[PDB]
Amino acid sequence: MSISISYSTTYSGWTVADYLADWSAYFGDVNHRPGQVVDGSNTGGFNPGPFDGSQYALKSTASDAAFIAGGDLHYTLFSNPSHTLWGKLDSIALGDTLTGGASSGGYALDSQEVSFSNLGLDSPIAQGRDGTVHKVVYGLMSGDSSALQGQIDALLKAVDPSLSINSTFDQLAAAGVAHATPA
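Sequential numbering from 1 applies to the sequence shown in the deposited numbering.
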């Protein structure tokens, strides 16, 4: 199946690129780096975790922005290649108001704005921190969504070369890729 996109009607006239650049500016950089992961405030979490699961979720420490990555995901922690996320990334949901976690049966994003599904990404452990899945998710943690933008640009061009991250959500809905959701 081709990339599927949802978007709240209030973003109908935005391009994908402008939405993601703006979301990244609100989320900011959670500072997930050596000496700066000292407690659970900026780790995020897996369901079921602690290091693997079908969801990885993180809330911003600068805003209420949050995302959930869905698929079949694995984090190496200290194991070579250290601090690598690899595996199957099917979906990214972005917005605000993260709730839940492993103990309550799953994460939910109560103010989801936009989602991207059927991403078809599957990165092997061998690529380490240069894997596409790793770069996509670490970009969302660190205030730079350029890796996600590039993957969406390629998936959209695969549907039709007239579609891109510079398409508005409106235009993607007319093309049958995107679907407006209630605001």
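Just so you know, even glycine gets a beta-carbon here, dropped at the ideal spot from N, CA and C.
- If you look at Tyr11, you'll find it isn't in any beta strand (DSSP E); DSSP assigns it neither H nor E.
- Excluding its 5 nearest sequence neighbours in each direction, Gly100 has C-beta neighbours in its own chain below 6 Å: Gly106, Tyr107 and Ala108, listed in chain order.
- Within the region 46-96, the runs of beta strand (DSSP E) that reach at least 3 residues and sit entirely inside it are, in chain order, 52-59 and 65-75.
- Counting C-beta atoms within 10 angstroms of its own C-beta, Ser167 has 16 or more neighbours from the protein chains shown and is therefore classed as buried.
- Between the C-alpha atoms of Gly13 and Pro124 there is a straight-line separation of about 37 Å.
- By the Cβ criterion, the region 69-76 is in contact with the region 42-58, since at least three pairs of Cβ atoms, one from each stretch, lie closer than 8 Å.
- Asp153 is positioned such that its CB atom lies no closer than 8 Å to that of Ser24.
- Within the same chain, Cβ atoms closer than 8 Å to the Cβ of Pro182 are found at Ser8 and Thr9, the five residues on either side in sequence being excluded.
- Under DSSP, the beta-bridge partners assigned to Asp122 are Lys88.
- No Cβ-Cβ contact shorter than 8 Å links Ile5 with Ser79.
- Residues of the same chain with a CB within less than 6 Å of the CB of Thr132, apart from the 5 flanking positions on each side, are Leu121 and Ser123 in chain order.
- Here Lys59 is buried, its C-beta having at least 16 other C-beta atoms within 10 Å.
- Comparing alpha carbon positions, the residue from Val37, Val136, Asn31 and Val16 closest to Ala69 is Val136.
- Judged by DSSP secondary structure, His134 falls within the alpha helix (DSSP H) whose first and last residues are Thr132 to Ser142.
- DSSP places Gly28 outside both helix and strand once states are collapsed to three, so it counts as coil.
- Apart from sequence neighbours up to five positions away, the residues of its chain that approach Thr84 with a beta-carbon distance below 6 Å are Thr76, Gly128, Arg129 and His134, ordered along the chain.
- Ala180 and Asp160 do not touch by the CB rule: their CB atoms are close to 19 Å apart, not below 8 Å.
- Look at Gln112 here: in three-state DSSP terms it is strand.
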